[PDB]
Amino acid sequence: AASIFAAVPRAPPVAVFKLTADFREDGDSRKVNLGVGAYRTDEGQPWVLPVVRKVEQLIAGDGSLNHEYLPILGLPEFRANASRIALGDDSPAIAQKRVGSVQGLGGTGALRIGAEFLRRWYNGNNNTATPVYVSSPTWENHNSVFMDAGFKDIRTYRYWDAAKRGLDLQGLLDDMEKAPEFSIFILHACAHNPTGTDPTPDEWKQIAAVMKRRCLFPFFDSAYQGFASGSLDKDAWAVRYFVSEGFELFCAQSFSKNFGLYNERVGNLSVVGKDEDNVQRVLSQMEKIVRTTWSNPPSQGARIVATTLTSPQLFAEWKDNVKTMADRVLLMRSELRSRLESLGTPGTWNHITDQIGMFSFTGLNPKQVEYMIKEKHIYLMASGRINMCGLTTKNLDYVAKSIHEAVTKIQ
């Protein structure tokens, strides 16, 4: 008769990916992709890390590997090593056998499993009322992941100060001071998406004081370790500080960007609990959650990461590759800002060099963004967020001039 799907509404496509598709089909020779948060070389091309290519060849020559199911929680070598990189080899948590790790389908999969676990066993039993706090603004998928896992009350914490083009520390702390005890806070470890604005170590200490006092739960999202500053240790400062202060916490780690393994979906969920027994019990429940979601994780991506992290020579080469990407972005920040300034572009552009990681929050309004896209063929998010990795020595002038036109002629 009528289709059983007759009343199913058409949902719009996920914005960031649609932006990419639009860009790919555009035939204008001046096109620039500043949308999705992916790394690009100075030639504007994707970059498979040299260390990755190397491990890929190793893997392919190893006739000893098979394709049998991995354990539900994931590849052991991968899990242990991933958590070690996030927390540091000398972590008190590792020494005390207080850390558990669950392999996830990229950083998103790790966040999802963590959300699912909390909804069922944290702050009660099947308590969907625990508030979940996200930054204002934050990566779109945070809200969605938490709502799909079952949470009903998602709130925001002050973060970006548009007027000042910086961190609204006072409002952030105020929102935390008034958050009900046990509330869940989604925190970006470093390289905030989409602002690029991070708290300084001194500000992080203020944040942790409130959270400890009010028993707020720190759920870190770490998708850019290394990418931010070129240093794995500096980039993990916040996470390690919380661990050292004695918090129990979760850390969703992605290897999509730091390893350039986007399409292999490699992530890890680190669980830091009070003791060994508690983490083991958490893990046992997470195994049940994974079982009904993806059953067990894929191996290719995890094996590349595990091989790299366990070999001293490969590990050193990976660190170099990561620093190459971070340095490139630094260069682009400096270069764009300079151009904008010399062009006499209205406003202040120091946020361009103050910001960290892949993104910069430009301040462009929606009509100004439309202009960039429709007229200049420069693809960026509606929020005015730009991916600095899309910038090259060859397209810098064009982009800086386009921004100048947008601020001046669209106003």
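Numbering starts at 1 and runs along the sequence shown.
- When the two stretches 77-85 and 105-113 are set side by side, the higher mean Cα temperature factor goes to 77-85.
- Set 327-335 against 248-256 and average the Cα temperature factors; 327-335 ends up higher.
- Note on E264, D275, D235, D198: the highest value goes to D275, judged by CA B factor as recorded.
- Across the residues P218, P71, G301, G124, the deposited record lists the maximum Cα B factor for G124.
- Ranked by C-alpha B-factor against the other modelled residues of its chain, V290 falls in the middle third.
- Per the PDB record, residue ranking by Cα B-factor puts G384 in the lowest third of the chain.
- The deposited CA B-factor of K31 belongs to the highest third of values across its chain.
- Ranked by Cα temperature factor within the chain, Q206 sits in the middle third according to the deposited record.
- Among all modelled residues in its chain, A95 ranks in the middle third by Cα B-factor.
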